[PDB]
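S.K.: File my_file-v3.csv below, CSV, C-alpha atoms:
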chain,number,residue,atom,x,y,z
A,252,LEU,CA,-37.7,4.5,8.4
A,253,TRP,CA,-39.4,2.7,5.6
A,254,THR,CA,-40.3,6.1,4.1
A,255,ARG,CA,-36.7,7.2,4.6
A,256,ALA,CA,-35.4,4.1,3.0
A,257,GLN,CA,-37.7,4.4,-0.1
A,258,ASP,CA,-36.6,8.0,-0.4
A,259,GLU,CA,-32.9,7.0,-0.3
A,260,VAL,CA,-33.3,4.2,-2.8
A,261,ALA,CA,-35.3,6.4,-5.1
A,262,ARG,CA,-32.7,9.2,-5.0
A,263,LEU,CA,-29.7,6.8,-5.5
A,264,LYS,CA,-31.3,4.9,-8.3
A,265,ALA,CA,-32.2,8.1,-10.1
A,266,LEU,CA,-28.7,9.4,-9.5
A,267,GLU,CA,-27.4,7.2,-12.3
A,268,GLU,CA,-29.5,9.1,-14.8
A,269,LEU,CA,-26.8,11.8,-15.2
A,270,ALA,CA,-23.8,12.4,-17.4
A,271,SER,CA,-20.3,13.3,-16.2
A,272,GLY,CA,-16.6,12.9,-16.6
A,273,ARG,CA,-14.1,14.3,-14.0
A,274,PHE,CA,-14.7,18.0,-13.4
A,275,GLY,CA,-18.5,18.2,-13.5
A,276,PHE,CA,-21.8,16.7,-14.5
A,277,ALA,CA,-24.9,17.6,-16.5
A,278,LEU,CA,-28.5,16.4,-16.4
A,279,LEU,CA,-31.7,17.1,-18.3
A,280,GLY,CA,-35.3,17.0,-17.2
A,281,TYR,CA,-38.8,18.1,-18.0
A,282,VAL,CA,-40.8,20.6,-15.9
A,283,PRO,CA,-44.4,21.7,-16.4
A,284,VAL,CA,-44.7,25.4,-16.8
A,285,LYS,CA,-46.8,25.9,-13.6
A,286,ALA,CA,-43.8,24.5,-11.6
A,287,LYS,CA,-41.1,27.0,-12.7
A,288,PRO,CA,-41.1,29.3,-9.7
A,289,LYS,CA,-40.8,26.4,-7.2
A,290,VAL,CA,-37.9,24.8,-9.0
A,291,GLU,CA,-36.3,28.2,-9.6
A,292,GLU,CA,-36.4,29.1,-5.9
A,293,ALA,CA,-35.3,25.6,-5.0
A,294,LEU,CA,-32.3,25.8,-7.3
A,295,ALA,CA,-31.6,29.3,-6.2
A,296,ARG,CA,-30.1,27.8,-3.0
A,297,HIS,CA,-27.0,26.2,-4.6
A,298,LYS,CA,-23.4,27.2,-4.8
A,299,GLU,CA,-23.3,30.3,-7.1
A,300,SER,CA,-26.9,29.6,-8.3
A,301,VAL,CA,-25.6,26.9,-10.7
B,2,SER,CA,-18.0,31.0,-17.6
B,3,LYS,CA,-19.1,31.2,-14.0
B,4,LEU,CA,-19.4,27.4,-13.6
B,5,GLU,CA,-16.0,27.0,-15.4
B,6,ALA,CA,-14.5,29.3,-12.8
B,7,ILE,CA,-16.2,27.3,-10.0
B,8,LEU,CA,-15.1,23.9,-11.2
B,9,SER,CA,-11.6,25.0,-12.2
B,10,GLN,CA,-10.9,27.0,-9.0
B,11,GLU,CA,-12.1,24.3,-6.6
B,12,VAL,CA,-10.6,21.1,-8.0
B,13,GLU,CA,-7.5,23.0,-9.1
B,14,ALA,CA,-7.0,24.0,-5.5
B,15,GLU,CA,-7.5,20.3,-4.7
B,16,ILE,CA,-4.7,19.5,-7.2
B,17,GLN,CA,-2.6,22.2,-5.6
B,18,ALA,CA,-3.1,20.6,-2.2
B,19,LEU,CA,-2.0,17.3,-3.8
B,20,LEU,CA,1.2,19.0,-5.1
B,21,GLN,CA,1.8,20.3,-1.5
B,22,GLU,CA,1.5,16.7,-0.3
B,23,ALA,CA,4.0,15.5,-2.9
B,24,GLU,CA,6.5,18.3,-2.0
B,25,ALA,CA,6.2,17.4,1.7
B,26,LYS,CA,6.8,13.7,0.7
B,27,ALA,CA,9.9,14.7,-1.3
B,28,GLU,CA,11.2,16.8,1.7
B,29,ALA,CA,10.7,13.9,4.0
B,30,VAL,CA,12.7,11.7,1.5
B,31,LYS,CA,15.5,14.2,1.4
B,32,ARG,CA,15.7,14.8,5.2
B,33,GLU,CA,16.7,11.3,6.3
B,34,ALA,CA,19.1,11.0,3.4
B,35,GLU,CA,20.9,14.1,4.6
B,36,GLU,CA,20.9,12.6,8.2
B,37,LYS,CA,22.5,9.4,6.9
B,38,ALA,CA,25.1,11.4,4.9
B,39,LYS,CA,26.2,13.6,7.8
B,40,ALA,CA,26.2,10.5,10.2
B,41,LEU,CA,28.5,8.7,7.7
B,42,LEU,CA,30.8,11.7,7.6
B,43,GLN,CA,31.0,12.0,11.4
B,44,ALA,CA,31.7,8.2,11.8
B,45,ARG,CA,34.4,8.5,9.1
B,46,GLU,CA,36.0,11.4,10.9
B,47,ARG,CA,35.9,9.5,14.2
B,48,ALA,CA,37.6,6.5,12.7
B,49,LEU,CA,40.3,8.8,11.2
B,50,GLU,CA,40.9,10.5,14.5
B,51,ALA,CA,41.3,7.1,16.2
B,52,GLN,CA,43.7,6.1,13.4
B,53,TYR,CA,45.8,9.2,13.9
B,54,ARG,CA,46.0,8.6,17.7
B,55,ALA,CA,47.2,5.1,17.1
B,56,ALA,CA,49.8,6.4,14.6
B,57,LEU,CA,51.0,8.9,17.2
B,58,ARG,CA,51.3,6.1,19.8
B,59,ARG,CA,53.3,4.0,17.3
B,60,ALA,CA,55.6,6.9,16.6
B,61,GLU,CA,56.1,7.4,20.4
B,62,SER,CA,56.9,3.7,20.9
B,63,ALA,CA,59.4,3.9,18.0
Just dump the structure as structure tokens.
M.R.:
Amino acid sequence: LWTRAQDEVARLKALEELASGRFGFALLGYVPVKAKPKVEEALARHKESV
Amino acid sequence: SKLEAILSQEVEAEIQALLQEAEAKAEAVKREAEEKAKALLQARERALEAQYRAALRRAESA
């Protein structure tokens, strides 16, 4: 549960690094080029492949 | 765009459900007002009928 708590605190404290108003958000990040298929298949899960 | 369609459709349907809630609230406002109006009309008619019966009894006594 310490690992779980560190995961939750890390996710919520990184959640404030976004930008939004009222009908949507946007965020920016940096990905090394040998990580593109993993992020692409991970973000292929979401709503209409946002 | 596609994400425009997603955001607009979803939270506009949320706004539409809010408007349905507001219309149900307005209908619940109107219903009890109509009940009080018809109850006032019926009580007025009852008082008038008692008044006319008393007037008939007075005419009979005269």
S.K.: How many Å separate CA of residue 10 (chain B) from CA of residue 293 (chain A)?
M.R.: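 Distance between the two atoms: 24.8 Å.
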S.K.: Could the residues of chain A within 12 Å of chain B, counting only C-alpha atoms, be given as JSON, numbers by chain, please?
M.R.: {"A": [273, 274, 275, 276, 277, 297, 298, 299, 300, 301]}
S.K.: How many Å separate CA of residue 25 (chain B) from CA of residue 37 (chain B)?
M.R.: 18.9 Å
S.K.: Starting from the sparse input, extend region 267-292 of chain A to N, CA, C and O atoms and give the output as an mmCIF file, in the frame of the given file.
M.R.:
data_model
loop_
_atom_site.group_PDB
_atom_site.id
_atom_site.type_symbol
_atom_site.label_atom_id
_atom_site.label_comp_id
_atom_site.auth_asym_id
_atom_site.auth_seq_id
_atom_site.Cartn_x
_atom_site.Cartn_y
_atom_site.Cartn_z
ATOM 1 N N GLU A 267 -28.157 7.685 -11.131
ATOM 2 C CA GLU A 267 -27.400 7.200 -12.300
ATOM 3 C C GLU A 267 -27.929 7.698 -13.606
ATOM 4 O O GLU A 267 -27.399 7.304 -14.650
ATOM 5 N N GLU A 268 -28.925 8.584 -13.606
ATOM 6 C CA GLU A 268 -29.500 9.100 -14.800
ATOM 7 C C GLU A 268 -28.842 10.430 -15.248
ATOM 8 O O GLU A 268 -29.503 11.301 -15.826
ATOM 9 N N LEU A 269 -27.562 10.588 -14.962
ATOM 10 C CA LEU A 269 -26.800 11.800 -15.200
ATOM 11 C C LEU A 269 -25.744 11.548 -16.223
ATOM 12 O O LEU A 269 -25.698 10.481 -16.840
ATOM 13 N N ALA A 270 -24.876 12.531 -16.428
ATOM 14 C CA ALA A 270 -23.800 12.400 -17.400
ATOM 15 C C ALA A 270 -22.620 13.233 -16.893
ATOM 16 O O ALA A 270 -22.791 14.438 -16.697
ATOM 17 N N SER A 271 -21.452 12.617 -16.718
ATOM 18 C CA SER A 271 -20.300 13.300 -16.200
ATOM 19 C C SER A 271 -19.021 12.703 -16.641
ATOM 20 O O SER A 271 -19.003 11.577 -17.141
ATOM 21 N N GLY A 272 -17.938 13.454 -16.474
ATOM 22 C CA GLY A 272 -16.600 12.900 -16.600
ATOM 23 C C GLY A 272 -15.867 13.125 -15.242
ATOM 24 O O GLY A 272 -16.136 12.405 -14.276
ATOM 25 N N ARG A 273 -14.953 14.102 -15.181
ATOM 26 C CA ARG A 273 -14.100 14.300 -14.000
ATOM 27 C C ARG A 273 -14.217 15.672 -13.347
ATOM 28 O O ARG A 273 -13.989 15.761 -12.136
ATOM 29 N N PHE A 274 -14.541 16.738 -14.080
ATOM 30 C CA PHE A 274 -14.700 18.000 -13.400
ATOM 31 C C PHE A 274 -16.146 18.551 -13.566
ATOM 32 O O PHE A 274 -16.316 19.733 -13.886
ATOM 33 N N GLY A 275 -17.148 17.699 -13.400
ATOM 34 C CA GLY A 275 -18.500 18.200 -13.500
ATOM 35 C C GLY A 275 -19.459 17.224 -14.212
ATOM 36 O O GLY A 275 -19.062 16.314 -14.942
ATOM 37 N N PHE A 276 -20.739 17.484 -13.992
ATOM 38 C CA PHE A 276 -21.800 16.700 -14.500
ATOM 39 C C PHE A 276 -22.798 17.576 -15.204
ATOM 40 O O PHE A 276 -22.743 18.801 -15.075
ATOM 41 N N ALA A 277 -23.739 16.948 -15.901
ATOM 42 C CA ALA A 277 -24.900 17.600 -16.500
ATOM 43 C C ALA A 277 -26.047 16.659 -16.524
ATOM 44 O O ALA A 277 -25.859 15.472 -16.801
ATOM 45 N N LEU A 278 -27.247 17.165 -16.251
ATOM 46 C CA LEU A 278 -28.500 16.400 -16.400
ATOM 47 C C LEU A 278 -29.542 17.197 -17.057
ATOM 48 O O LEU A 278 -29.478 18.430 -17.108
ATOM 49 N N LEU A 279 -30.554 16.488 -17.549
ATOM 50 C CA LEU A 279 -31.700 17.100 -18.300
ATOM 51 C C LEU A 279 -32.971 16.536 -17.662
ATOM 52 O O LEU A 279 -33.028 15.406 -17.170
ATOM 53 N N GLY A 280 -34.009 17.358 -17.712
ATOM 54 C CA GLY A 280 -35.300 17.000 -17.200
ATOM 55 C C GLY A 280 -36.399 17.778 -17.818
ATOM 56 O O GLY A 280 -36.155 18.699 -18.599
ATOM 57 N N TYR A 281 -37.626 17.423 -17.466
ATOM 58 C CA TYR A 281 -38.800 18.100 -18.000
ATOM 59 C C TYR A 281 -39.615 18.659 -16.835
ATOM 60 O O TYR A 281 -39.850 17.974 -15.834
ATOM 61 N N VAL A 282 -40.012 19.922 -16.969
ATOM 62 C CA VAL A 282 -40.800 20.600 -15.900
ATOM 63 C C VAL A 282 -42.030 21.212 -16.556
ATOM 64 O O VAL A 282 -41.945 21.922 -17.568
ATOM 65 N N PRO A 283 -43.210 20.945 -16.002
ATOM 66 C CA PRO A 283 -44.400 21.700 -16.400
ATOM 67 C C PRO A 283 -44.324 23.142 -16.026
ATOM 68 O O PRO A 283 -43.722 23.499 -15.014
ATOM 69 N N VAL A 284 -44.963 23.991 -16.834
ATOM 70 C CA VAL A 284 -44.700 25.400 -16.800
ATOM 71 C C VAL A 284 -45.309 26.057 -15.497
ATOM 72 O O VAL A 284 -44.800 27.077 -15.020
ATOM 73 N N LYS A 285 -46.294 25.428 -14.865
ATOM 74 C CA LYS A 285 -46.800 25.900 -13.600
ATOM 75 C C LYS A 285 -45.939 25.376 -12.402
ATOM 76 O O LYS A 285 -46.414 25.399 -11.261
ATOM 77 N N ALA A 286 -44.718 24.902 -12.658
ATOM 78 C CA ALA A 286 -43.800 24.500 -11.600
ATOM 79 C C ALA A 286 -42.471 25.253 -11.682
ATOM 80 O O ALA A 286 -41.540 24.926 -10.939
ATOM 81 N N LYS A 287 -42.367 26.244 -12.556
ATOM 82 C CA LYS A 287 -41.100 27.000 -12.700
ATOM 83 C C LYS A 287 -40.705 27.853 -11.544
ATOM 84 O O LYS A 287 -39.502 27.853 -11.249
ATOM 85 N N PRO A 288 -41.579 28.594 -10.831
ATOM 86 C CA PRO A 288 -41.100 29.300 -9.700
ATOM 87 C C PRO A 288 -40.618 28.457 -8.513
ATOM 88 O O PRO A 288 -39.676 28.835 -7.810
ATOM 89 N N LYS A 289 -41.227 27.284 -8.324
ATOM 90 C CA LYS A 289 -40.800 26.400 -7.200
ATOM 91 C C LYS A 289 -39.445 25.812 -7.466
ATOM 92 O O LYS A 289 -38.584 25.836 -6.578
ATOM 93 N N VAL A 290 -39.208 25.302 -8.678
ATOM 94 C CA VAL A 290 -37.900 24.800 -9.000
ATOM 95 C C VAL A 290 -36.865 25.920 -9.085
ATOM 96 O O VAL A 290 -35.709 25.724 -8.695
ATOM 97 N N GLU A 291 -37.277 27.121 -9.494
ATOM 98 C CA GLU A 291 -36.300 28.200 -9.600
ATOM 99 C C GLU A 291 -35.908 28.690 -8.163
ATOM 100 O O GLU A 291 -34.719 28.943 -7.936
ATOM 101 N N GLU A 292 -36.837 28.750 -7.204
ATOM 102 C CA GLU A 292 -36.400 29.100 -5.900
ATOM 103 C C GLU A 292 -35.709 27.968 -5.158
ATOM 104 O O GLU A 292 -34.900 28.209 -4.256
#
